[PDB]
Amino acid sequence: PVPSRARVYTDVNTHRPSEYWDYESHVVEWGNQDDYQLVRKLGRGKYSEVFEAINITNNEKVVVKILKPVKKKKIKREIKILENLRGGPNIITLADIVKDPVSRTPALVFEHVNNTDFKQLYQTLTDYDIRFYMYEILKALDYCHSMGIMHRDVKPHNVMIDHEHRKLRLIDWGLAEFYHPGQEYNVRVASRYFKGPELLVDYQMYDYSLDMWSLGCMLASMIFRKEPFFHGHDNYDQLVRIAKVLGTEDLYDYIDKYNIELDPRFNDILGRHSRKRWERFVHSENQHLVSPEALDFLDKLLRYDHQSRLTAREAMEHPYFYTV
Amino acid sequence: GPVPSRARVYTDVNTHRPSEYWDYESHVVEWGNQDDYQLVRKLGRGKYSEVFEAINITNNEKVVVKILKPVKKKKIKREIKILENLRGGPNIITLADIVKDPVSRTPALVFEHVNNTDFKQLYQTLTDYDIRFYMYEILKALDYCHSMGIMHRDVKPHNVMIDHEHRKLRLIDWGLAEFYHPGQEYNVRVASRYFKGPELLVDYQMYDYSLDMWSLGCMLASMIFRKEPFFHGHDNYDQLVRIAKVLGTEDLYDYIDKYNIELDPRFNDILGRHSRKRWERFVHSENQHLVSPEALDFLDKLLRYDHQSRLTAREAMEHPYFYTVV
Ligand SMILES: CCc1ccccc1-c1ccc(CNCCc2nc3c(OC)cccc3[nH]2)cc1Cl
Ligand SMILES: CCc1ccccc1-c1ccc(CNCCc2nc3c(OC)cccc3[nH]2)cc1Cl
């Protein structure tokens with residue numbers, strides 16, 4: 001395959017000392033979990049359980065994420081990334097790294113986030129709300145991208161919102177990675193519905209632009225009230241669902257531009273598909289969230305070619321955000 | 001008999017944890033194959049151990065290998081359980097593996113690599129800031145292990161490794177460490193002579209984490225006054241006399257009366273009568289650049305006969321002497 005590099009923040013890690021991006025060499029100091037009392041279970045991941053807790057030393061609520069130790073380098077990577085991004089705009093704030101004296105299970109302690117119900121907001125959300133929160137996610141992305149990191153798991157489950165205080169946090173940095181130009185990354189990241197075409201066609205030299213595809217999948221689901229927007233039933237079928245919207249002509253132009261070899265599993269399922277107009281997805285239920293600006297912005301995110309997608313900084317200057 | 005005593009901090013941390021945590025005699029040790037490590041050179045010694053620099057052949061990473069002279073089986077079990085309990089704690093030497101050479105079958109412990117700076121010729125370069133910085137780092141290690149219900153019981157310069165280039169410090173040799181249980185009577189034949197607390201010298205067995213804070217105070221006094229060691233005893237009885245020549249004998253009697261301690265008759269002809277000295281008496285041209293009112297107030301609050309009156313590691317961390325550190 002033809003090599004590729006990010007259009008923005010290409011060399012941000014190249015120009016930094018090894019200690020910043022060398023997570024395997026980073027030394028983790030695990031404090032005593034005795035300072036925290038677990039209150040209740042909040043959420044759950046495939047390799048984590050998230051609890052609400054109280055810090056007994058200051059009577060402040062915190063969030064404790066207990067990690068299922070499956071891979072050691074993976075825990076070190078998330079911690080390093082969290083330490084590098086600690087305090088960044090709309091990034092979940094790592095407050096402590098602790099282990100329970102008896103269990104010795106890795107646990108991460110974060111700033112408390114007061115989650116407003118996802119299904120309660122969904123119908124009462126306005127056109128303004130979507131632009132407001134889209135801009136807040138973009139602040140988090142432009143920032144982590146500038147810090148040489150790609151989240152690689154951008155989805156609604158990984159965005160916590162406290163609608164009362166108009167506060168948003170991008171969470172679960174467990175799949176996050178450091179961007180290095182020319183590096184070949186594992187394509188088994190993100191959650192099926194949010195996987196970029198680069199992942200589905202096994203193109204490893206991807207970059208920050210992967211997060212912009214995932215962001216486009218989120219916006220499409222919100223403005224059209226269609227969740228998920230691209231409803232694949234497996235990773236191969238996922239590309240077919242994308243192809244039913246973007247068409248198969250542009251998919252072949254994409255794979256030819258990067259000299260990508262299409263997996264034979266696609267042979268009997270891909271078919272032939274016309275490129276659809278974004279206006280076809282507008283209906284009575286969703287028309288109050290759709291505008292020419294929203295559709296133009298969406299069109300500029302949901303592109304096969306990872307290089308042709310808007311960067312987080314270009315996205316922030318789009319007319320869709322002129323009112324925020 | 002003697003009046004009972006208990007720690008002011010972390011008193012019941014082991015009482016409220018299951019058997020599993022502190023019952024080291026019941027802990028099962030999994031000894032891996034030492035074939036993954038090649039010994040490079042001898043770094044140091046211990047009366048019960050030899051410490052080497054080694055290379056892990058599987059990842060080309062340097063490690064530290066401590067080979068234990070099997071004197072007591074429960075003792076190896078205790079050190080391993082404590083190291084596993086503290087594994088990953090701040091400024092604690094990190095146990096990476098537990099191995100046995102296939103032929104020798106000798107217990108060996110594998111740790112994270114620590115790059116020791118030659119403490120020699122660099123004591124003269126050390127600044128007031130460096131002492132405060134490194135003292136704070138040791139306090140992080142102590143508050144953590146005490147919070148985990150462990151007393152180190154051998155705090156001294158030899159057991160603190162410093163990589164000055166990276167400003168990295170590790171508290172090592174947990175071979176004398178013990179689990180703290182309130183009301184437990186411990187063996188007083190612990191620590192190294194110059195660092196032994198008065199509780200050990202007067203054979204007061206119901207001691208606690210505060211023993212480590214006395215040893216820390218001996219280290220601080222030696223560094224700030226450039227007097228190594230600060231309390232230079234020639235035997236364990238003479239050690240108490242050396243302390244008494246500084247702290248005075250009036251406060252020593254108040255200490256032994258508070259705990260109804262019986263003073264050994266061996267002290268009768270050597271203890272004498274000693275006035276309590278001002279810490280300012282130890283300031284000279286060679287060390288005045290390391291001494292300040294804050295340092296002397298902090299030292300005074302560590303070097304107390306009464307183990308209960310000494311600062312805890314958490315109280316020490318909040319002292320004005322540390323207001324200038326990160
Ligand atoms: C107007 C915002 C928006 C714009 C476009 C697309 C989607 C949304 C959106 C819609 C809903 C949500 C809310 N997601 C909450 C997910 C969440 N993850 C959690 C969790 O993870 C461990 C634990 C406990 C609670 C948790 N809550 C987030 C977002 Cl970003
Ligand atoms: C005088 C005490 C003091 C007071 C305040 C601040 C610093 C010091 C100090 C000053 C120097 C050192 C250096 N200690 C070296 C310890 C060491 N232990 C080793 C070892 O043990 C087996 C093997 C090989 C090398 C080893 N090096 C440690 C310390 Cl803690």
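Residues numbered from 1 in each chain as written, not as in the entry; some residues may be left out. Chains lettered and ligands numbered in written order. Heavy atoms only, no water.

In its metadata, the entry names X-ray crystallography as the structure determination method and reports 1.6900 Å as the resolution.

Undergrad: Summarise the site of ligand 2; cite the residues concerned and give the values.
TA: Residue and element names in this part refer to chain B. In the region of ligand 2, 17 residues are neighbours, and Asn 116, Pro 157, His 158, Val 160 and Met 219 sit closest. Within the side chain of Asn 116, one N or O atom sits 3.2 Å away from a nitrogen atom of ligand 2. Within the contact set of ligand 2, a nitrogen atom lies 3.0 Å away from a backbone nitrogen or oxygen of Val 160. Residue assignment for the shell around ligand 2 shows that the elements contributing at least two residues are β2 (37–46), β8 (160–163) and α5 (210–225). Within the shell around ligand 2, the residues separate by chemical class into eleven nonpolar, four polar and two charged. Both domains that furnish three or more residues to the shell around ligand 2 are identified here as domain 1 (5–22 + 114–326) and domain 2 (23–113). (Near = heavy atom within 4 Å. Polar contact = N/O pair within 3.5 Å; in protein donor to acceptor, adjacent residues only side chain to side chain. Helix = DSSP H or I, 4+ residues; strand = E, 2+ residues; numbered from the N terminus. Nonpolar A, V, L, I, M, F, W, Y, C, P; charged D, E, K, R; others polar. Domains from an automatic or database assignment.)

Undergrad: Before we move on, can you summarise the UniProt feature "active site" in chain A with the specific residues and values?
TA: Mapped onto the present numbering, the UniProt feature "active site" falls at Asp153(A). Relative to the elements of secondary structure, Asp153(A) occurs in the loop between β7 (149–150) and β8 (159–162). (UniProt positions renumbered as here; feature names shortened; annotations may be inferred.)

Undergrad: Please set out the state of the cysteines residue by residue, giving values where relevant.
TA: Residue and element names in this part refer to chain B. As enumerated under the stated definition, the model contains zero disulfides over all chains in all. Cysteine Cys 145 remains unbridged, with the sulfur of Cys 218 as its closest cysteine sulfur at 17 Å. A relative accessible area of 0% means that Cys 145 is categorised as buried. The exposure class of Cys 218 is buried, given its relative accessible area of 2%. (Disulfide = S-S within 2.5 Å. Buried < 20%, exposed > 50% of the residue type's maximum accessible area, 1.4 Å probe, protein only.)

Undergrad: Outline the UniProt feature "active site" in chain B, supporting the account with residue identities and numerical values.
TA: Residues and elements named next belong to chain B. This chain's UniProt record puts "active site" on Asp 154. Inspection of the secondary structure assignment puts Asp 154 in the loop between β7 (150–151) and β8. The class for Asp 154 is buried, based on a relative accessible area of 7%. Residue contacts for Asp 154: discarding those within four places in its chain leaves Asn 159, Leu 176, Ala 191, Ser 192 and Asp 212. (Contact = heavy atoms within 4.5 Å.)

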